[PDB]
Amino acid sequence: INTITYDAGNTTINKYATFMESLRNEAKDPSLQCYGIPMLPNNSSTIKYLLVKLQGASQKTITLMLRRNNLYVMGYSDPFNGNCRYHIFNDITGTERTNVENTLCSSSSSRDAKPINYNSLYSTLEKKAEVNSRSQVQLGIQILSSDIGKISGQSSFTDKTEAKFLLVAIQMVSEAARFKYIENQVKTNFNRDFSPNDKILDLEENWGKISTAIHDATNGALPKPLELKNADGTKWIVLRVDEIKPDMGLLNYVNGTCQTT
């Protein structure tokens, strides 16, 4: 397992970009790519996971453990009380959950669970973030950083805080990794909180669809228009990989073959 570390607390677009690239590079199946979009490995990769050690506010860190396969943050750990406090979504269930715990807390002698008392569905996180939508959860490095700060090492944080952080982290890490677009959003908004636009959200929501679409794209043509959202929330009908590709950082693993380039 690898740790892409990203210090959200002190960072730069470029570092974030690098983080993204690292994250993508770490997350992606080295060999899988559809349309030049790296794709996440299946869930049978040697290295299933990836850690994203985010450092945020007060240099507090939260390590996201991302399943490389779908770059899901499976939970995260934060150094808490000398413990690897691992917080795993409660729908990280058994062996992954142990692996997530273990992975999160591999080089920590001590661990303590602070489960994410919720699954990682955005809806969940949003619910838990008590936001209607993570559209409402501003993303931003600072937010992430701060969020990291609100969570990492924090004996208590509400699910809300966590969920927000997760929303933030997930999006700024995984989604951003998944979607260059999102990455780009972050980067574009690097010095600011930003409300993830609909495209972020949409991409996020449609990543698998996109990945699928892209993966299943024949010579660039998405099997089906991907109805995505433009940044401004307008419908964005992607017909072709190339339309969406730029947004894509990672394709969700989609088995079978695709035009790798």
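All residue numbers refer to positions in the sequence shown, first residue = 1.
Two stretches are in play, 41 to 49 and 225 to 233, and the higher mean C-alpha B-factor belongs to 41 to 49. Higher average CA B factor: 65 to 73, of the stretches 65 to 73 and 51 to 59. Among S174, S145, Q136, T98, the highest C-alpha B-factor recorded in the PDB entry belongs to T98. If you compare the C-alpha temperature factors of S152, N90, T161, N191 in the entry, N90 comes out highest. Residue-level temperature factors show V131 in the middle third of its chain, judged at the C-alpha atom. Among the modelled residues of its chain, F179 has a C-alpha B-factor that falls in the lowest third according to the deposited record.
Ranked by C-alpha B-factor against the other modelled residues of its chain, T212 falls in the middle third. In the deposited entry, the Cα temperature factor of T124 sits in the middle third of values across the chain's modelled residues. The PDB entry assigns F165 a C-alpha temperature factor belonging to the lowest third of its chain's modelled residues.
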